[PDB]
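Written out below as structure tokens is the structure these notes cover.
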Amino acid sequence: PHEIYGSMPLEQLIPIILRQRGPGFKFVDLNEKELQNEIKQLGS
Amino acid sequence: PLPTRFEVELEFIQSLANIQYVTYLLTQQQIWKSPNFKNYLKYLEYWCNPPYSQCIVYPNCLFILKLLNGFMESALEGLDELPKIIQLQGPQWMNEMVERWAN
Amino acid sequence: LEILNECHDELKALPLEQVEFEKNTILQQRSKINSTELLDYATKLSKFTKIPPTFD
Amino acid sequence: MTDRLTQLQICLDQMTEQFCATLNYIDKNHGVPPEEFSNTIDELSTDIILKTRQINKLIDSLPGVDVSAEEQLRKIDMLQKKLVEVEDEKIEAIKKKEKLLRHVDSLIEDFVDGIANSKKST
Amino acid sequence: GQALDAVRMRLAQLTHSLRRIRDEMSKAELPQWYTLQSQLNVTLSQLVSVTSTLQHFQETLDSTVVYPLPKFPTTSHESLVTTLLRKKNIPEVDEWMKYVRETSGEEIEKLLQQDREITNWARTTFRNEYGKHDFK
Amino acid sequence: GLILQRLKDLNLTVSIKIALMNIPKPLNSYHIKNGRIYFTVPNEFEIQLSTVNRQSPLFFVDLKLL
Amino acid sequence: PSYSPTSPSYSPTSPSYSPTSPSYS
Amino acid sequence: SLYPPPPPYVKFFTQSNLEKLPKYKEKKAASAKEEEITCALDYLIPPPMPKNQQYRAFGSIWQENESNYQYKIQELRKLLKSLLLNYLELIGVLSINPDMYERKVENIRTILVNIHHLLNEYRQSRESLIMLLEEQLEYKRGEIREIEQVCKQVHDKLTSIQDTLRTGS
Numbered sequence: 090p091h092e093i094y095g096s097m098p099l100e101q102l103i104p105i106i107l108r109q110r111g112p113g114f115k116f117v118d119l120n121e122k123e124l125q126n127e128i129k130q131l132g133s
Numbered sequence: 018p019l020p021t022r023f024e025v026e027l028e029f030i031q032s033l034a035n036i037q038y039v040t041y042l043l044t045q046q047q048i049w050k051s052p053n054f055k056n057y058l059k060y061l062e063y064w065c066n067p068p069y070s071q072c073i074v075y076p077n078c079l080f081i082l083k084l085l086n087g088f089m090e091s092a100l101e102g103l104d105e106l107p108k109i110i111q112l113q114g115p116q117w118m119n120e121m122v123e124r125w126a127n
Numbered sequence: 115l116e117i118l119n120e121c122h123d124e125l126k127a128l129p131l132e133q134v135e136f137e138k139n140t141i142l143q144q145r146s147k148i149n150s151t152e153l154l155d156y157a158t159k160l161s162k163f164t165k166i167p168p169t170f171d
Numbered sequence: 001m002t003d004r005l006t007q008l009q010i011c012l013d014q015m016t017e018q019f020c021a022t023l024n025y026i027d028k029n030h031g050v051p052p053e054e055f056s057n058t059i060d061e062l063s064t065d066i067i068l069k070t071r072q073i074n075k076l077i078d079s080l081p082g083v084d085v086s087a088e089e090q091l092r093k094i095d096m097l098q099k100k101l102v103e104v105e106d107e108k109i110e111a112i113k114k115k116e117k118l119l120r121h122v123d124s125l126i127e128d129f130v131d132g133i134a135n136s137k138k139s140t
Numbered sequence: 030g031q032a033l034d035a036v037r038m039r040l041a042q043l044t045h046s047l048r049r050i051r052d053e054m055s056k057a058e059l060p061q062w063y064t065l066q067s068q069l070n071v072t073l074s075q076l077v078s079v080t081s082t083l084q085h086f087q088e089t090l091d092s093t094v095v096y097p098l099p100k101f102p103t104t105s106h107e108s109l110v111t112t113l114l115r116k117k118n119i120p121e122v123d124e125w126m127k128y129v130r131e132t133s134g143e144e145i146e147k148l149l150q151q152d153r154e155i156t157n158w159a160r161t162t163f164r165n166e167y168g169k170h171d172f173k
Numbered sequence: 240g241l242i243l244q245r246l247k248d249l250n251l252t253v254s255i256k257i258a259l260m261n262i263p264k265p266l267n268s269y270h271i272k273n274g275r276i277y278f279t280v281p282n283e284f285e286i287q288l289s290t291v292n293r294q295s296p297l298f299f300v301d302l303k304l305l
Numbered sequence: 001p002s003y004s005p006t007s008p009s010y011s012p013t014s015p016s017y018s019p020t021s022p023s024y025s
Numbered sequence: 011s012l013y014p015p016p017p018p019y020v021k022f023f024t025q026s027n028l029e030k031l032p033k034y035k036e037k038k039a040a041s042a043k055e056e057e058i059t060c061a062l063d064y065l066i067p068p069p070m071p072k073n074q075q076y077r078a079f080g081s082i083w084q106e107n108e109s111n112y113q114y115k116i117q118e119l120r121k122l123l124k125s126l127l128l129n130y131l132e133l134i135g136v137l138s139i140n141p142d143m144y145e146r147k148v149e150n151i152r153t154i155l156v157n158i159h160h161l162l163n164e165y166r169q170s171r172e173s174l175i176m177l178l179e180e181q182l183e184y185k186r187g188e189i190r191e192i193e194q195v196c197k198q199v200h201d202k203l204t205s206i207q208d209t210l211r212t213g214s
């Protein structure tokens, strides 16, 4: 599963992140502290 | 002599690969309406493992039934699009079958 | 700094963990299945998958 | 690339077709001038001989033509073994390459921060 | 050919009206109710005219015999030929009138004449009722 | 997965790009975070910017009023 | 002249309902 | 009709039968401690493999480290030489007394048929496995070697840059 995520260039990853986060939320609005936060919840 | 249930179920599975057979089966209302047919379809899923898979003649139906499996949560509607979609998606589905077996 | 940055980018482009899971999956898939059944099935499909040039 | 077994089948099919064509020419031409007929048949016989020699040079060139399949079995088994070790070695190779890569990235970041706070120090 | 030509032009204008009502319904915003009524009535009366004209010239349509062109290639256009050739109804309408006949279910003839006399009696009764009160 | 180092590279690219250009003294207050650069002029505004490529120029991302 | 031609409204995706039954000999 | 009817037992198994299958098989196993069809739930029990390990269909029968061949080679060579010799003798028969030519024709075919038999024992799946083996092996070696080549050239460039900046100090 992670093979596709790790094998795609950022030029195609950006639209994927944009569609995952929905409209309005830019690809850069994500916070690193917030990022490690949801990483912590998903790791549980 | 009377063939065993192995032979008839294997021949049914291998005949499921035909697009005309699938279109005819889905044409009738009571075939899809009756839960018995879909229960048998899910029962047939256990042939994807050896040594049963060694006895198959056409591996394409292996995905088709699985595709038919998807049909229970995708809807009948889509029956018209079945020949076009199988013709269009034959390449990639054959490629994934080859990846599952030939590798 | 620029040129070493593109060197870093191109090195990162060539793959880490994903390749080793894929190699693992290959190894247990190969170990699980015996070659006899595979060769028998290949011989039985050689007639169907391979279109002979003399089949009108 | 083309497998030599497929080439062997193509060669034998071409040989059969050549014999059929030669005998058809003989059957439909016996009676054409004798000199032209003899020259054409000499060409056909040279073709027969050459086809025979590609048959001979392909049949003896089949690796494993004179090698028993069981030592192929051991060589293939040890090939997958040494393969397992070679992707293992590639695993350590790529992990240490990534290690040196982000050492380089860390020094890049430190140098960039030094540039930034030096040129804003005045 | 004249009858089929008239059928052609009228059905073409009917299809044009259908395309119209289609591309004014496909908009994300619904127009005013009155425009929809006007389009509905015009297209539906046009369908009535289609039915009436098709009724008028049944003999010309029946007399015609269908035959593919010598120049038309069937080897490459057999799918297109079969598309127009097929005529079986859509299934849902089929079981629709099957359930309709199921619900409906010398005796039949005398019920038929009883229906005749009820129809005539009701017509005469409403003529009398209309004549009773001056509507002008 | 890849998002963390992508954002770190975006921050590095933004930092080097702003090092390329001589920022004004009133704009000396800048912050780098999450692939974004923040310029907060007090009682005036807070502008957040970013870039896609090192050669590509900066583009507007977000703005807040003070 | 002709104000506008008709848009192609072909429906090849239509599955058709041809009854097939006299196949057995 | 063109399409044969579905199998009959398919219609016997509803959702209730599926959900009651566990207790049914438990009871069957407890009682047990060609299968006769005494209950409608018998078919969901997996069918047993035939003891003969054989399957018949349409008049035809069906049923380790890869998971004197010189005698066959010389037999094939002598068979090819004899086939050429018999072809020459048969065409000579056609030349002089063709009326009995067929008397040899099928004979030659038998040798050809024997050649096909000589192919049967030589049957090639292992050879295909070998050829695929070396092609992906050499492809992965090429990829690997270009990887260390490119990383080594990057490291050499980095060292050259380090020397250049040290000289400028």
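Line order of the protein sequences matches chains q, w, d, u, h, n, z and g.
Heads up, the final residue of the first sequence is numbered 133 in the authors' numbering, and it's a clean run with no missing numbers.
With the authors' numbering applied, the second sequence covers 18 to 92, 100 to 127.
With the authors' numbering applied, the third sequence covers 115 to 129, 131 to 171.
With the authors' numbering applied, the fourth sequence covers 1 to 31, 50 to 140.
With the authors' numbering applied, the fifth sequence covers 30 to 134, 143 to 173.
Heads up, the final residue of the sixth sequence is numbered 305 in the authors' numbering, and it's a clean run with no missing numbers.
Heads up, the final residue of the seventh sequence is numbered 25 in the authors' numbering, and it's a clean run with no missing numbers.
With the authors' numbering applied, the eighth sequence covers 11 to 43, 55 to 84, 106 to 109, 111 to 166, 169 to 214.
In this text, a Cβ means the ideal position worked out from N, Cα and C, and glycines have one as well.
> Using DSSP with H/G/I as helix, E/B as strand and the rest coil, what is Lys-272 (chain n)?
Replying inline: strand
> Can you name, in chain order, every residue of its own chain whose Cβ lies under 7 angstroms from the Cβ of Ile-110 (chain w), other than the five neighbours on each side?
Replying inline: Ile-36
>> According to DSSP, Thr-279 (chain n) sits in a beta bridge with which residue or residues?
In response: n:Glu-285
>> Cβ closer than 7 angstroms: which chain g residues qualify as neighbours of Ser-16 (chain z)?
In response: Near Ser-16 (chain z) there are no residues of chain g at all, since even the closest Cβ is about 15 angstroms away, more than 7 angstroms.
> Pick from h:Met-126, h:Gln-150, h:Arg-51, h:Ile-155: whose alpha carbon is nearest that of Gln-68 (chain h)?
Replying inline: h:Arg-51
> Can the beta-carbon of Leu-91 (chain u) be found closer than 8 angstroms to that of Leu-182 (chain g)?
Replying inline: no
> Name the residues in the stretch 149–160 of chain d whose C-beta lies less than 9 angstroms from a C-beta of chain g; which are they?
Replying inline: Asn-149, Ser-150, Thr-151, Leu-153, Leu-154, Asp-155, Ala-157, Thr-158, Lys-159
> Is the CB of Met-70 (chain g) under 8 angstroms away from at least one CB in chain u?
Replying inline: no
> How long is the line joining the alpha carbons of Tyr-130 (chain g) and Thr-153 (chain g), rounded to whole angstroms?
Replying inline: 12 angstroms
> Quick one: is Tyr-64 (chain g) buried, meaning 16 or more other Cβ sit within 10 Å of its Cβ, or exposed?
Replying inline: buried
> By DSSP, does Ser-79 (chain u) sit in helix, in strand, or in coil?
Replying inline: coil
> By the criterion of Cβ-Cβ separation under 7 angstroms, what are the contact partners of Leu-302 (chain n) in chain q?
Replying inline: Within chain q, no residue comes near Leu-302 (chain n); the closest Cβ sits about 13 angstroms away, beyond 7 angstroms.
>> If contacts are defined as beta-carbon pairs under 8 angstroms, then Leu-155 (chain g) and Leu-126 (chain g) qualify, I think. What distance do you get, rounded to the angstrom?
In response: 7 angstroms
>> Could you compute how far the alpha carbon of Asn-77 (chain w) sits from the alpha carbon of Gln-144 (chain d)?
In response: 20 angstroms
> From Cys-65 (chain w) to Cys-72 (chain w), what does the alpha carbon distance come to, in whole angstroms?
Replying inline: 11 angstroms
> Should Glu-144 (chain h) be labelled buried (16 or more other beta-carbon atoms within 10 Å of its own) or exposed?
Replying inline: exposed
>> Please list the terminal residues of the continuous alpha helix (DSSP H) segment that includes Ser-81 (chain h).
In response: 62–85
> Using 8 angstroms as the limit for Cβ to Cβ distance, is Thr-6 (chain z) near chain w?
Replying inline: no
>> To be precise: take each residue of the stretch 86–112 of chain h, compare its Cβ to all Cβ atoms of chain z, and keep it if any distance is under 8 angstroms. Which residues remain?
In response: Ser-108, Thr-111, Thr-112
>> Since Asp-84 (chain u) and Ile-116 (chain g) should fall inside the 8 angstroms C-beta cutoff, what is the C-beta to C-beta distance between them, to a whole number of angstroms?
In response: 7 angstroms
> How about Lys-21 (chain g): is its C-beta nearer than 8 angstroms to some C-beta of chain w?
Replying inline: yes
> What are the residues of the stretch 117–133 of chain u that lie near chain d, defined by any Cβ-Cβ distance shorter than 8 angstroms?
Replying inline: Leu-119, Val-122, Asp-123, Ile-126, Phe-129, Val-130
>> Relative to the C-alpha of residue 103 (chain z), which candidate in h:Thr-161, h:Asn-165, h:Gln-61, h:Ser-108 has its C-alpha closest?
In response: Nothing about residue 103 (chain z) can be reported from this structure: the residues present for chain z run from 1 to 25 only.
> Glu-105 (chain u): which of d:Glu-120, d:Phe-163, d:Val-134, d:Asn-119 sits nearest, CA to CA?
Replying inline: d:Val-134
>> Under 8 angstroms, Cβ to Cβ, is there at least one residue of chain q near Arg-245 (chain n)?
In response: yes
> When the cut-off is 8 angstroms and only beta carbons count, does residue 61 (chain q) lie next to chain d?
Replying inline: Here chain q covers residues 90 to 133 and nothing more, so residue 61 (chain q) does not appear.
> What residues in its chain sit with their C-beta under 7 angstroms from that of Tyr-34 (chain g), if we drop five residues either side in the sequence?
Replying inline: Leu-62
> Does the beta carbon of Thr-6 (chain u) come closer than 8 angstroms to any beta carbon on chain g?
Replying inline: no
> So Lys-108 (chain w) is in the beta strand (DSSP E); what residue range does that whole segment cover?
Replying inline: Per DSSP, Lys-108 (chain w) belongs to no beta strand (DSSP E); it is in the alpha helix (DSSP H), 106–125.
> According to the neighbour-count rule (16 or more other Cβ atoms, all chains shown, within 10 Å of its Cβ), is residue 99 (chain w) buried or exposed?
Replying inline: Absent here is residue 99 (chain w), because the residues of chain w run from 92 on to 100 with nothing modelled in between.
> Is the stretch 16–25 of chain u close to the stretch 152–166 of chain d, with three or more CB pairs under 8 angstroms?
Replying inline: no
> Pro-97 (chain h): which of h:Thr-111, h:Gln-87, h:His-85, h:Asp-91 sits nearest, CA to CA?
Replying inline: h:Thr-111
>> Just checking: is the beta-carbon of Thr-59 (chain g) within a distance shorter than 8 angstroms of some beta-carbon in chain w?
In response: no
> Alpha carbon to alpha carbon, what distance is there between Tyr-60 (chain w) and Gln-46 (chain w)?
Replying inline: 21 angstroms
>> By the DSSP assignment, the beta strand (DSSP E) with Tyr-76 (chain g) in it spans what residues?
In response: 76–78
>> Tell me the rounded alpha-carbon separation between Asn-70 (chain h) and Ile-103 (chain q).
In response: 52 angstroms
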